[PDB]
Amino acid sequence: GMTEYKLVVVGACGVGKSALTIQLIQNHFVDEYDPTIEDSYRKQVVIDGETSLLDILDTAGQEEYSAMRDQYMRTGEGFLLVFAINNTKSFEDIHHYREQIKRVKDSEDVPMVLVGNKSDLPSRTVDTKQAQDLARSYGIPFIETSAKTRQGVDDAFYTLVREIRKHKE
Ligand SMILES: *CCC(=O)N1CC(NC(=O)COc2ccc(Br)cc2NC(=O)c2cc(C)no2)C1
Ligand SMILES: Nc1nc2c(ncn2[C@@H]2O[C@H](COP(=O)(O)OP(=O)(O)O)[C@@H](O)[C@H]2O)c(=O)[nH]1
Ligand SMILES: [Ca+2]
Ligand SMILES: [Ca+2]
């Protein structure tokens with residue numbers, strides 16, 4: 001049969017988690033998506049000549065401890081660490097999100113991809129080298145994306161699946 005993978009999209013409020021997910025699933029850019037909606041989206045995709053069924057959890061919620069969330073996040077097999085290139089705080093939050101994933105996954109070498117979203121914008125505060133060096137230290141891929149133009153959207157999610165398939169076998 002077909003291999004299924006649970007992907008979890010994480011990152012600071014307003015970085016473009018829902019925008020990136022909705023572009024992948026429904027092929028359009030949402031400008032004002034309700035920031036409390038946390039839903040799972042399904043999509044069959046072919047990656048490197050092999051089909052996979054993606055189950056994509058678009059996370060939201062509050063900045064708080066939650067054993068209920070932890071249980072949800074435990075099931076995730078790969079994580080998109082999303083920041084916005086015009087928001088230095090969202091880039092700083094990446095470290096915290098990685099540490100939380102490590103905690104809930106018993107410090108597993110968890111498949112992850114660093115995503116620098118909103119690359120279409122000219123108001124860049126986070127430099128590419130800084131993001132590259134961070135992803136280098138983590139030992140994960142770095143993908144620049146724009147949910148608006150759809151630049152790098154497929155690549156980001158596809159790359160995460162590649163990381164999962166490297167990790168599992
Ligand atoms: C605009 C709303 C939105 O998109 N967001 C607010 C913020 N939500 C969260 O950060 C939810 O919390 C998490 C989600 C995903 C992960 Br991998 C980790 C967390 N945070 C924690 O697990 C945690 C534990 C403790 C002690 N504090 O935080 C995104
Ligand atoms: N210019 C630009 N704006 C974006 C992009 N992705 C999301 N946004 C905008 O940033 C805001 C937050 O997007 P949203 O997907 O709700 O972020 P979330 O809170 O992480 O789900 C919205 O007004 C979006 O229109 C992008 O790639 N480029
Ligand atoms: Ca959202
Ligand atoms: Ca609460």
Side-chain angles (χ1 to χ4, degrees), residues 3-21 23-24 38 40-41 45 47-48 50 52 54-66 69-121 123-147 150-169:
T3 60
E4 171 159 15
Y5 300 126
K6 281 105 177 175
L7 312 188
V8 184
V9 186
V10 303
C13 190
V15 300
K17 298 181 296 296
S18 293
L20 284 164
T21 306
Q23 268 286 18
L24 186 78
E38 173 167 309
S40 293
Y41 304 85
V45 297
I47 294 164
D48 305 331
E50 186 179 347
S52 292
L54 310 186
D55 195 336
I56 302 166
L57 176 52
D58 182 29
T59 68
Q62 284 65 57
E63 280 177 300
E64 64 183 338
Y65 163 59
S66 181
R69 180 177 342 98
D70 282 9
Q71 276 206 342
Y72 226 145
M73 305 289 149
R74 180 99 168 181
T75 60
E77 301 172 71
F79 295 80
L80 279 195
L81 309 174
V82 188
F83 71 94
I85 63 155
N86 67 330
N87 187 333
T88 307
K89 188 184 178 234
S90 73
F91 181 73
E92 287 173 15
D93 286 356
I94 292 296
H95 177 69
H96 293 99
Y97 285 115
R98 181 178 168 269
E99 290 299 312
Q100 291 296 343
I101 294 158
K102 290 285 233 183
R103 178 182 61 76
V104 305
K105 302 288 283 174
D106 291 355
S107 297
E108 281 165 40
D109 193 20
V110 184
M112 290 180 205
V113 172
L114 184 62
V115 179
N117 193 46
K118 311 202 183 180
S119 66
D120 60 293
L121 296 174
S123 57
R124 171 183 297 255
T125 58
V126 186
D127 287 36
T128 303
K129 193 191 184 285
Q130 297 183 244
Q132 287 187 322
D133 291 354
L134 187 66
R136 183 169 177 256
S137 65
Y138 295 158
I140 65 180
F142 169 60
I143 305 274
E144 253 189 348
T145 67
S146 168
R150 209 172 195 285
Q151 177 228 314
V153 171
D154 289 343
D155 292 352
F157 287 95
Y158 284 25
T159 301
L160 179 55
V161 170
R162 293 186 185 98
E163 289 290 307
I164 291 163
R165 305 208 280 212
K166 282 187 344 183
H167 175 84
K168 294 236 160 191
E169 64 185 346

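Quick note: residue numbers are just sequence positions, from 1.
- Within the model, atoms CD of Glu4 and CG of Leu54 stand 9.0 Å from one another, a figure rounded to the nearest 0.5 Å.
- With a 4.5 Å cut-off on side-chain heavy atoms, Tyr138 and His95 count as touching.
- Here the straight-line distance linking atom NE2 of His96 with atom CG of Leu81 works out to 13.5 Å at 0.5 Å rounding.
- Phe157 contributes atom CZ, which lies 14.5 Å from atom OG of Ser52 (distance to the nearest 0.5 angstrom).
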Checklist entry - Under the side-chain contact (heavy atoms from CB on, under 4.5 Å) criterion, do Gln23 and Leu20 qualify, and how do the steps go? => result CA-CA 5 Å; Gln23 268 286 18; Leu20 284 164; 5.9 Å; no
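- Summarising the geometry, atom CE belonging to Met73 is positioned 9.0 Å from atom CD1 belonging to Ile101; distances are rounded to the nearest 0.5 Å.
- Between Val9 and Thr59, the closest heavy-atom pair is O-OG1, 2.6 Å.
- Rounding to the nearest 0.5 Å gives a distance of 12.0 Å between CD of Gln130 and CD1 of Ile85.
- Taking every heavy atom of both residues into account, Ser90 and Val15 meet most closely at CB-CG1, 3.5 Å.
- At least one side-chain heavy atom of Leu24 sits less than 4.5 Å from a side-chain heavy atom of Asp154.
- Using a 4.0 Å cut-off between charged nitrogen and carboxylate oxygen, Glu99 and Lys102 do not count as a salt-bridge pair.
- Residues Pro141 and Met112 come closest through the heavy atom pair CD-O, 3.6 Å.
- In this structure the side chain of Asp120 never reaches within 4.5 angstrom of the side chain of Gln151, judged on heavy atoms.
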Checklist entry - Between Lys166 and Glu163, does a salt bridge (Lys or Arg N to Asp or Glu O under 4.0 Å) hold up when you go through it step by step? => result CA-CA 5 Å; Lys166 282 187 344 183; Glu163 289 290 307; 2.9 Å; yes
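- Applying the side chain to side chain donor-acceptor pair (under 3.5 Å) test to pairs two or more places apart or on separate chains, those with a residue in residues 107-117 are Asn117-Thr145.
- Formation of a donor-acceptor pair under 3.5 Å by the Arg69 side chain with backbone atoms of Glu64 is found in this model.
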Next on the checklist: If you apply the rule side chain to side chain donor-acceptor pair (under 3.5 Å), what do you find for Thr3 with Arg165, and how did you get there?
Outcome noted: CA-CA 10 Å; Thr3 60; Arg165 305 208 280 212; 4.9 Å; no
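- Pairs engaging residues 73-87 under the salt bridge (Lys or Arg N to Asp or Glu O under 4.0 Å) rule: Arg74-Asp106, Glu77-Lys168 [sequence neighbours left out].
- Considering every non-hydrogen atom in both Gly11 and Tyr97, the closest pair reads O-OH, 3.3 Å.
- Salt-bridge check for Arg124 with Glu144: passed, with a basic side-chain N closer than 4.0 Å to an acidic carboxylate O.
- Contact check for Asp70 versus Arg103: side-chain heavy atoms found under the 4.5 Å cut-off.
- Two residues are said to be in side-chain contact when any heavy atoms from C-beta on lie closer than 4.5 Å; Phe142 and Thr128 meet this criterion.
- Contact of the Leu80 side chain with the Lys17 side chain is not registered, since no non-hydrogen atoms from C-beta on lie closer than 4.5 Å.
- Test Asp93, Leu114, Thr88, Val115 against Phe83 for side chain to side chain contact (heavy atoms under 4.5 Å, CB included) and you get one pass: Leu114.
- With rounding to the nearest 0.5 angstrom, the CG atom of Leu7 is 11.5 Å from the CG atom of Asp58.
- In terms of heavy atoms, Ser40 sits closest to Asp55 at CB-OD1, 3.6 Å.
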